[PDB]
């Protein structure tokens, strides 16, 4: 089941997401899966300014860059601190350890954290090419937490923030598509013309690894919050 809520713009969609989030908490949600990127930024702002209280709750993020500490300003840990956790801390917030000595031990660890704390509500965006998290076209639907080689476009974009070419992460530790699908409820937010092709492929195309988001067709409880421009093809 995929319900679609069509909204005017990102501001409106973010407010709908907030109301839905509050309701899930009121009805007992305890573990949240969180998103990075620009998609959830207005949602996070609304949460920071709200009366929500995450003190008895757990959060789990999808990804961290290999080679970055949680204190590094380019890390997803730091992004989450700035945008959410400084204002609204959780009982515990998990992200992969980018500094892990053994990346295979770290991927196994993260899978076990997901088993220990199954996610009640996952907030998600969609990529222009229908990627989900760091899972690009071709990713197996069976994938659990895994090491991802960043796309060259991503590396080029991120390079602008480092010394220091040797310092630019080339990999991430990322929740896989099977990992993400385990959430009891998924809220996918998509805004702008740039997302329209991906949204149409997700909703109307075949289920195929060429379109990572297409696996969401098979999830029992996905709600799509899409503005008019992102929803143009559905």
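Positions refer to the first chain, counted from 1.
> Looking only at CA atoms, which has the higher mean B factor in the entry: 161 to 169 or 54 to 62?
Replying inline: Comparing averages over the C-alpha atoms only gives 161 to 169.
>> On mean Cα temperature factor in this entry, is 1 to 9 or 223 to 231 the higher one?
In response: The entry gives the higher C-alpha B-factor average to 1 to 9.
> Of 156, 147, 121, 126, which one's C-alpha B factor is largest in the deposited record?
Replying inline: Comparing C-alpha B-factors across 156, 147, 121, 126, the maximum falls on 156.
>> Per the entry's Cα B factor values, which of 35, 207, 199, 181 stands out as the maximum?
In response: In the PDB entry, the greatest C-alpha B-factor among 35, 207, 199, 181 is found at 199.
> What third of the chain, by the recorded C-alpha B-factor, contains residue 40?
Replying inline: It belongs to the middle third of the chain when residues are ordered by C-alpha B-factor.
>> By the recorded C-alpha temperature factor, relative to the other modelled residues in its chain, which third is residue 70 in?
In response: Residue 70: CA B-factor falls in the highest third of its chain.
>> Per the entry's values, where does residue 130 land by CA temperature factor relative to the rest of its chain, in the lowest, middle or highest third?
In response: Bottom third by C-alpha B-factor.
>> Ranking the modelled residues of this chain by C-alpha B-factor as given in the entry, is residue 189 in the lowest, middle or highest third?
In response: Middle third, going by the recorded CA B-factors of the chain.
>> Quick check for you: using the entry's CA B-factors within this chain, is residue 87 in the lowest, middle or highest third?
In response: CA B-factor rank for residue 87: highest third.
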